[PDB]
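S.K.: kindly return the folded structure for what I paste below:
(one chain, ligands or ions: 4)
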Amino acid sequence: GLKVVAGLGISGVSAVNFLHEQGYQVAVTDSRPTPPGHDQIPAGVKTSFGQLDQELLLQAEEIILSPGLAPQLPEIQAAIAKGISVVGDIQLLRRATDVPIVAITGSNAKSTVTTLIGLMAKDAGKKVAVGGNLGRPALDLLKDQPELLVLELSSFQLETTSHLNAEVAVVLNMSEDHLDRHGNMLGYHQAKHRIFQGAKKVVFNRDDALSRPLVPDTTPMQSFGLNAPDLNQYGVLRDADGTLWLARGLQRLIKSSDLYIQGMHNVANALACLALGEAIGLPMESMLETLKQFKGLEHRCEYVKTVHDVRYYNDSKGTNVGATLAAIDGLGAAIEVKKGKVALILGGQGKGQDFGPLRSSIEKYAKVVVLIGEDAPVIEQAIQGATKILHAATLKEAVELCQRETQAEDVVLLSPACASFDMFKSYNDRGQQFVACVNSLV
Ligand SMILES: Nc1ncnc2c1ncn2[C@@H]1O[C@H](COP(=O)(O)OP(=O)(O)O)[C@@H](O)[C@H]1O
Ligand SMILES: [Ca+2]
Ligand SMILES: [Cl-]
Ligand SMILES: [Mg+2]
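M.R.: Residues are numbered from 1 along each chain as shown. Ligands and ions are numbered 1, 2, ... in the order given. Here you go, the structure:
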């Protein structure tokens, strides 16, 4: 019947155009007055902008809900109570193609892992299409007739997805995020674990209790973790002298020091990609060549510059406590033998997070924390006593204070554990500004 797209934006434009091409009657509604993508819709599509049209939504045979709109909205609740199907664009993609899907979610590392396994598949000779994130709408991936899809899927997208029937699926990790929408970790975990509906194979993280799914006994499962792996699992092996290798069972695969991506969380990301690749048949020799060359993504605990024998790291995309914990632990362990310590810049919009999990790593590895942003007082209350705490009113002042506090073999880390919008346009803006500050140090 009538398909009603609820919420425009990039994915909403993708859904309207896809449904129109396939010969459906499509209407669209959005609360914003003139929504992004107004100029990108075909004329003749009925549009009800300015108000989320409750009457139009109740006229629908099916509603295609933007991931930016909660199913809990009262207008959407009224439709669900009438029995109207509410799905997202990922559901449209699933119906449109039979090709194998590699499905990836998790609180952190989704884009890093999605990019890497996509590169592993491409380098191995697969006609792969990679997307699902903002700006890579999943329906547009059908255009080039790929033989394989690699989808980065958010908890919001998974909430409205059923019977994904992935060739292989993974929840990489979970930590506190997106509770403004999901309410609590219960709702959040349930949303992500929809990625396993009909999954043909499962990869899971041995070291994260919220990764392993409940699936039928016939469903093959393979795990990764940061310990010596069991037979046919992924993990780490240490030589007698301590040298760390990525490994599968008893076989050593590649030294972690031979990767460009650093820190045990990136070792785990690489191992997850090897397991995803094994599930779709990629040869190990090819996967390791891809892995050796992979540089990691911008603003993901990224090396910027060395100034006076102190290395500076941009982790502006560390927008939650779990990401920042990984950054502190990774740099702290890396410099421990040379007796270096971390000077950490923390703060911004804290989103009501529990900052307690940072205390032990700050106490172990940090010589100073410089607090910025609107939730600096709440964060200070949580980390008081763990190490020396300073305040700065601007990012530039924070970088200068960290420079003053550090000596050769220390590192300076911007890993805010917070959203950026109280002082910046985006985490990208915050990271670019950090790089500019570092480049202006003398
Ligand atoms: N396995 C991991 N566990 C925790 N934090 C991680 C992990 N991998 C990367 N991070 C950090 O998480 C943040 C987001 O990384 P990213 O790959 O962009 O994730 P996503 O696409 O899920 O947002 C960055 O601060 C990055 O350094
Ligand atoms: Ca992402
Ligand atoms: Cl942000
Ligand atoms: Mg997220």
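
S.K.: residue 117 contacts residue 278, doesn't it?
M.R.: No: counting by CB atoms under 8 Å, residue 117 stays clear of residue 278, with 10.7 Å between them. Yep, even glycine has a C-beta here, placed from its N, CA and C like the rest.

S.K.: more neighbours, the two?
M.R.: A direct count of neighbours by other CB atoms under 10 Å for residue 117 and residue 278 places residue 117 higher, at 30 against 19.

S.K.: just the element for the more buried one, please.
M.R.: helix 110-123 (DSSP states H and E).

S.K.: right, and the helix or strand after that helix?
M.R.: Downstream of helix 110-123 (by DSSP H and E), the next one is strand 128-131.

S.K.: which bits of this protein sit near ligand 2?
M.R.: Residues of the chain lying close to ligand 2 (CB under 5 Å from the ion) are 110-111.

S.K.: what does the chain put close to ligand 3?
M.R.: Near ligand 3, when you scan the chain using CB under 5 Å from the ion, you find 319, 419-420, 427.

S.K.: ok, these vs residue 408, which is closest?
M.R.: Each of the residues of the chain next to ligand 3 was checked against residue 408 using CB to CB; the closest is residue 427, at 29.4 Å.

S.K.: doesn't residue 77 make contact with residue 86?
M.R.: No: applying CB under 8 Å as the test, residue 86 and residue 77 come out as separate, 9.6 Å apart.

S.K.: common neighbours of these two, please.
M.R.: The contact sets of residue 86 and residue 77 overlap at residue 71 (CB atoms under 8 Å, 6 or more residues apart in numbering).

S.K.: distance-wise, check residue 383 relative to ligand 2.
M.R.: Residue 383 sits 27 Å away from ligand 2, going by CB to the ion, to the nearest Å.

S.K.: touching, that residue and residue 358? I think so.
M.R.: Yes: counting by CB under 8 Å, residue 358 is a contact partner of residue 383 at 6.2 Å.

S.K.: residue 349 pairs with what?
M.R.: residue 419 (DSSP bridges).

S.K.: that one reaches residue 427, doesn't it?
M.R.: No: counting by CB under 8 Å, residue 427 is not a contact partner of residue 349; they are 11.1 Å apart.

S.K.: OK, contacts around residue 330?
M.R.: Residue 330 neighbours (CB under 8 Å, 6+ apart): 262-266, 301.

S.K.: what is the nearest of those to ligand 3?
M.R.: residue 301 (15.3 Å; CB to the ion).

S.K.: please state the backbone phi and psi of the closest one?
M.R.: phi 30, psi 60 (degrees, to the nearest 10).

S.K.: burial count for it?
M.R.: Residue 301 has 27 nearby residues by other CB under 10 Å.

S.K.: ok, now the one 10 residues further on?
M.R.: Using other CB under 10 Å, the number of residues around residue 311 comes to 19.

S.K.: next: the one 4 residues further on.
M.R.: The tally of other residues near residue 315 (other CB under 10 Å) stands at 27.

S.K.: and for residue 179?
M.R.: Around residue 179 there are 14 residues (other CB under 10 Å).

S.K.: from residue 107, how far off is it?
M.R.: Separation of residue 179 from residue 107 (CB to CB, to the nearest Å): 11 Å.

S.K.: swap in residue 342?
M.R.: Residue 342 sits 22 Å away from residue 107, taking CB to CB as the criterion.

S.K.: so the two - more neighbours on which side?
M.R.: The neighbour comparison of residue 342 against residue 107 (other CB under 10 Å) goes to residue 342, with 29 against 21.

S.K.: give the contact list for the more buried one.
M.R.: 328, 331-332, 335, 365-367, 410-413 are the contacts of residue 342 under CB under 8 Å, 6+ apart.

S.K.: and what of residue 210?
M.R.: Here residue 210 is in contact with 171, 173-174, 185, 189 (CB under 8 Å, 6+ apart).

S.K.: apply 7 Å and report the result again.
M.R.: Counting by CB atoms under 7 Å, 6 or more residues apart in numbering, residue 210 makes contact with 171, 174, 189.

S.K.: one more: residue 114?
M.R.: 104, 130, 150, 152.

S.K.: 6 Å instead?
M.R.: 104, 152 (CB atoms under 6 Å, 6 or more residues apart in numbering).

S.K.: what's the answer for residue 219, then?
M.R.: residue 202.

S.K.: go with 7 Å
M.R.: Contacts of residue 219 (CB under 7 Å, 6+ apart): 199, 202.

S.K.: how close does it get to residue 197?
M.R.: Relative to residue 197, residue 219 is positioned 11 Å away (CB to CB).
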